[PDB]
$ cat query18.pdb   # PDB, C-alpha atoms
ATOM      1  CA  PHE A   1     224.742 -32.359 220.858  1.00  0.00           C
ATOM      2  CA  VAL A   2     223.599 -29.503 223.126  1.00  0.00           C
ATOM      3  CA  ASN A   3     219.967 -28.527 222.445  1.00  0.00           C
ATOM      4  CA  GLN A   4     217.274 -27.283 224.867  1.00  0.00           C
ATOM      5  CA  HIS A   5     219.245 -28.696 227.823  1.00  0.00           C
ATOM      6  CA  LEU A   6     216.951 -27.483 230.630  1.00  0.00           C
ATOM      7  CA  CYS A   7     216.282 -30.134 233.303  1.00  0.00           C
ATOM      8  CA  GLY A   8     214.568 -33.372 232.211  1.00  0.00           C
ATOM      9  CA  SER A   9     217.805 -35.402 232.339  1.00  0.00           C
ATOM     10  CA  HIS A  10     219.246 -32.804 229.930  1.00  0.00           C
ATOM     11  CA  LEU A  11     221.586 -31.058 232.390  1.00  0.00           C
ATOM     12  CA  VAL A  12     222.697 -34.574 233.334  1.00  0.00           C
ATOM     13  CA  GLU A  13     223.243 -35.926 229.811  1.00  0.00           C
ATOM     14  CA  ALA A  14     224.994 -32.790 228.552  1.00  0.00           C
ATOM     15  CA  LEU A  15     227.084 -33.223 231.709  1.00  0.00           C
ATOM     16  CA  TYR A  16     227.598 -36.964 231.125  1.00  0.00           C
ATOM     17  CA  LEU A  17     229.805 -36.165 228.106  1.00  0.00           C
ATOM     18  CA  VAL A  18     231.496 -32.901 229.152  1.00  0.00           C
ATOM     19  CA  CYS A  19     233.379 -33.824 232.341  1.00  0.00           C
ATOM     20  CA  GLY A  20     234.278 -37.217 230.831  1.00  0.00           C
ATOM     21  CA  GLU A  21     233.911 -38.721 234.325  1.00  0.00           C
ATOM     22  CA  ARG A  22     231.218 -39.838 236.797  1.00  0.00           C
ATOM     23  CA  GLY A  23     231.359 -37.287 239.635  1.00  0.00           C
ATOM     24  CA  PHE A  24     230.258 -33.632 239.780  1.00  0.00           C
ATOM     25  CA  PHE A  25     228.689 -31.106 242.187  1.00  0.00           C
ATOM     26  CA  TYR A  26     224.957 -31.293 241.389  1.00  0.00           C
ATOM     27  CA  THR A  27     224.017 -30.080 244.890  1.00  0.00           C
ATOM     28  CA  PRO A  28     221.349 -27.540 245.907  1.00  0.00           C
ATOM     29  CA  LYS A  29     221.560 -25.167 248.898  1.00  0.00           C
ATOM     30  CA  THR A  30     220.666 -26.130 252.486  1.00  0.00           C
TER      31      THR A  30
ATOM     32  CA  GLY B   1     215.524 -23.577 247.352  1.00  0.00           C
ATOM     33  CA  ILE B   2     215.708 -25.015 243.855  1.00  0.00           C
ATOM     34  CA  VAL B   3     217.766 -22.748 241.574  1.00  0.00           C
ATOM     35  CA  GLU B   4     217.040 -22.643 237.823  1.00  0.00           C
ATOM     36  CA  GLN B   5     220.514 -22.305 236.303  1.00  0.00           C
ATOM     37  CA  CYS B   6     220.736 -23.990 232.883  1.00  0.00           C
ATOM     38  CA  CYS B   7     217.177 -25.245 233.459  1.00  0.00           C
ATOM     39  CA  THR B   8     215.200 -22.225 232.186  1.00  0.00           C
ATOM     40  CA  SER B   9     217.353 -19.062 232.186  1.00  0.00           C
ATOM     41  CA  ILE B  10     220.952 -18.550 230.979  1.00  0.00           C
ATOM     42  CA  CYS B  11     223.378 -21.345 229.977  1.00  0.00           C
ATOM     43  CA  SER B  12     223.840 -22.068 226.257  1.00  0.00           C
ATOM     44  CA  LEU B  13     227.437 -22.768 225.181  1.00  0.00           C
ATOM     45  CA  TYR B  14     229.498 -20.037 226.880  1.00  0.00           C
ATOM     46  CA  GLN B  15     229.452 -20.456 230.680  1.00  0.00           C
ATOM     47  CA  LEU B  16     229.536 -24.263 230.663  1.00  0.00           C
ATOM     48  CA  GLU B  17     232.666 -25.874 229.155  1.00  0.00           C
ATOM     49  CA  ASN B  18     233.555 -26.086 232.845  1.00  0.00           C
ATOM     50  CA  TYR B  19     230.507 -27.261 234.832  1.00  0.00           C
ATOM     51  CA  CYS B  20     232.968 -29.439 236.780  1.00  0.00           C
ATOM     52  CA  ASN B  21     236.317 -27.827 235.876  1.00  0.00           C
TER      53      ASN B  21
END

$ encode --input "query18.pdb" --output "structure tokens"
Amino acid sequence: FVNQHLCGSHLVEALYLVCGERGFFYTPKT
Amino acid sequence: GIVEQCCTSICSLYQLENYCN
């Protein structure tokens, strides 16, 4: 269910069922 | 330096389907 996935744990949730695994980039710039 | 990709500009079934490859 992808709907209004803009921050607010949305990018996380939508990503918690797409990769099918616990481990992604999710890293800003330095 | 906080980008706003898929948080308020772009992203919507098309570029994802590979956020982690």

$ resolve_selection --input "query18.pdb" --expression "the ChimeraX specification (/B :<6) & /A" --output "list in words"
residues 6, 7 and 24 of chain A

$ axis_aligned_box --input "query18.pdb" --around "stretch 12-17 of chain B" --padding-each-side "4 Å" --output "AutoDock Vina command-line options"
--center_x 228.3 --center_y -23.0 --center_z 227.9 --size_x 16.8 --size_y 13.8 --size_z 13.5

$ atom_distance --input "query18.pdb" --atom1 "atom CA of residue A:3" --atom2 "atom CA of residue A:29"
26.7 Å

$ atom_distance --input "query18.pdb" --atom1 "atom CA of residue A:20" --atom2 "atom CA of residue A:5"
17.5 Å
